[PDB]
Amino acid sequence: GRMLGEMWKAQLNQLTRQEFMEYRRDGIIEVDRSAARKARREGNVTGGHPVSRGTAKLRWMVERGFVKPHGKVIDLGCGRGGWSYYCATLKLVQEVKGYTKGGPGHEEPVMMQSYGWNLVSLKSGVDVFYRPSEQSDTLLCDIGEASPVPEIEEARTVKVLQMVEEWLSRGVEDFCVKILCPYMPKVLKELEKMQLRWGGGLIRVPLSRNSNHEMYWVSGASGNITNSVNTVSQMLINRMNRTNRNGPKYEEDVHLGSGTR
């Protein structure tokens, strides 16, 4: 017996390229990044433009109380820094440490002057899978690289969970962890065990593209994991089979301001 998500992935992989591109943003929420893309090219670091689409995804979860960043924030796989710079704007946050691998094929941290930027320290050249754990109040992780092979996505997601387990054991109050492939058996088995110990629940952020099944394990949710994943799989399959496409629903990107804290 297979999860519905396995059927979604199989159907996704059978789409033609043009079908895939018509499907991937159909009916999703998307922030208009035109001004932000221009800002990064012009070296505009004070205009409040997020360095990535990640900022809007985390803002969506924070504003709904799914995670409450505060104290010392650690951002595993910080990339350009979208999540890290966002957290630094938040009143209860006091320090942000971001780590990311960088190098060929991987995003480097971007130095910004969004509000609270002086609270942020981003370090490239760090493979978090071999970094000793550190104490934190808020633990964030947005790692996981897509593959057409569900077993590869499954293994990559399990490795993330096994790393997060070590960091959560230092004593973490709030967390938000990307689950790249929530429908495969090894991920479900691992996640149910970690939810039993650490709590939380899985949520789907509507800014995620239909072309991926990513969900976020967040301390501020509580649902049954199997049911949560199936709900997303049915929604994504329903969208795949409704062939009068409309593209995304457009909204405004986050404004991160400027200035030190």
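Numbers follow the displayed sequence, beginning with 1.
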Of 75-83 vs 110-118, the stretch with the larger average CA B-factor in the entry is 110-118
Averaging the C-alpha temperature factors as deposited, the higher value of 56-64 versus 36-44 falls on 36-44
Candidate residues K189, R156, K178, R131, the one whose C-alpha B factor the record puts highest
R131
Tell me, lowest, middle or highest third: where does the Cα B factor of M3 rank within its chain?
highest
Among the modelled residues of its chain, the C-alpha B-factor of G171 falls in the third labelled highest
Lowest, middle or highest third: which one holds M21 when the chain's residues are ordered by CA B-factor from the entry?
highest
Lowest, middle or highest third: which one holds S222 when the chain's residues are ordered by CA B-factor from the entry?
highest
Based on the deposited C-alpha B factors for this chain, I'd like to know if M240 is in the lowest, middle or highest third.
middle
